[PDB]
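Notes to accompany the following structure.
In the entry's author numbering, the protein residues as written are 5 to 194.
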């Protein structure tokens, strides 16, 4: 499972802002990005179905599930999953409270980016978190760091959790959350 996790999380993600919705139906979205590329994004979760209609603008913070294809028309087509949110941006980028424990002991962060989007898909948060964990805390880089979890507690107390030993559960993904409403984010590596 490690190679798969290391592969998925140490690599980057695609970020596109103000992409236009071409189509939204039957669990997938066809989106036109400002760089001219076309994104075909699937939404497998019955709990997360973007309601954006044709012509609406959206932001993408997503991962490719297949190799992008350069068409004969000179257009890149990306095959991504989830990560479609509105375009609202916070007045100024904010620091999300991420507390990390590795084998029981607190572990200070390094290179934890600020966030400027009002809403982010839970899967986006998941990859941002684990990416941080793999780059600075060695998650998936050594046999003593292949599991654990991350947990986001909202201000109203609701929580979101993800097992670090498994790939994110896109199939049950909940709707995007307002990050300015996140109380804490904690992650333990075991």
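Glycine included, C-beta positions come from ideal geometry on N, C-alpha and C.
Three-state secondary structure assigned by DSSP to residue i
| i | result |
| --- | --- |
| residue 145 | coil |
| residue 18 | strand |
| residue 94 | strand |
| residue 8 | helix |
Beta-carbon spacing of residue i, residue j below 7 Å
| i | j | result |
| --- | --- | --- |
| residue 144 | residue 6 | yes |
| residue 62 | residue 191 | no |
| residue 166 | residue 130 | yes |
| residue 178 | residue 133 | no |
| residue 51 | residue 138 | no |
| residue 74 | residue 43 | no |
| residue 49 | residue 176 | yes |
Beta-bridge pairing of residue i - partner residues as DSSP gives them
| i | result |
| --- | --- |
| residue 182 | 123 |
| residue 190 | 103 and 155 |
| residue 67 | 85 |
| residue 77 | None; residue 77 has no bridge partner. |
| residue 44 | 34 and 83 |
Along the chain, which unbroken stretches of the beta strand (DSSP E) at least 3 residues long are found entirely within the segment 98 to 174?
List check, beta strand (DSSP E) in window: 102 to 106, 119 to 121, 152 to 158 and 163 to 167.
Could you tell me whether the segment 24 to 35 touches the segment 57 to 72, using the rule of 3 or more Cβ pairs below 8 Å?
With a cut-off of 8 Å, the segment 57 to 72 and the segment 24 to 35 count as touching, because enough Cβ pairs lie within range.
I'd like to know if the segment 115 to 123 and the segment 145 to 158 are in contact, where contact means that at least 3 CB-CB pairs between them fall below 8 Å.
Counting Cβ pairs under 8 Å, fewer than three are found: no touch.
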